[PDB]
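Trainee: Take a look at this one; I'll ask things after.
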Amino acid sequence: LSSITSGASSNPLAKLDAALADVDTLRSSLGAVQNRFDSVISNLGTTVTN
Amino acid sequence: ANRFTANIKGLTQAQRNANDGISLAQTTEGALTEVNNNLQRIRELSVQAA
């Protein structure tokens with residue numbers, strides 16, 4: 001109700017936190033990918049020697 | 001002399017078959033190492049979630 005008296009974008013603080021969460025999820029998924037995608041190299045190098 | 005020759009020739013190739021076996025056994029171990037390394041990390045992550 002406080003917004004209507006001023007007319008500026010009601011409930012900003014909770015509106016912006018979802019944006020922060022959305023970027024965080026993407027970053028976490030990318031890091032998870034990186035770890036597996038590194039382990040592959042270590043396996044692959046050994047098999048070639050054998 | 002003929003029956004000496006026969007067994008010499010047979011044994012020589014029997015000697016190579018063992019090398020085939022050693023190579024197969026050696027190759028499997030490199031595969032199993034990475035499985036172990038992944039399980040080690042899964043357990044530790046599960047520790048964090050309790």
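By order in the structure tokens, chains are A, B, ...; within a chain, residues start at 1; ligands start at 1, following the order shown.
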So that I can check the surroundings of stretch 31-45 of chain A, please list as an NGL selection string every protein, DNA and RNA residue that reaches within 12 Å of it, counting only C-alpha atoms and ignoring chain neighbours fewer than 3 positions away.

Mentor: (:A and (24-28 or 48-50)) or (:B and (27-38 or 41))

Trainee: For the atom pair atom CA of residue B:49 and atom CA of residue A:16, what is the interatomic distance in Å to one decimal place?

Mentor: 27.6 Å

Trainee: Could you check the closest approach to chain A for each of B:24, B:18, B:45, B:1 and tell me which residue wins, using only C-alpha atoms?

Mentor: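 Nearest candidate to chain A out of B:24, B:18, B:45, B:1: B:24.
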
Trainee: B:25, B:13, B:6, B:43: which is nearest chain A, counting only C-alpha atoms?

Mentor: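 Among the listed residues, B:25 lies closest to chain A.
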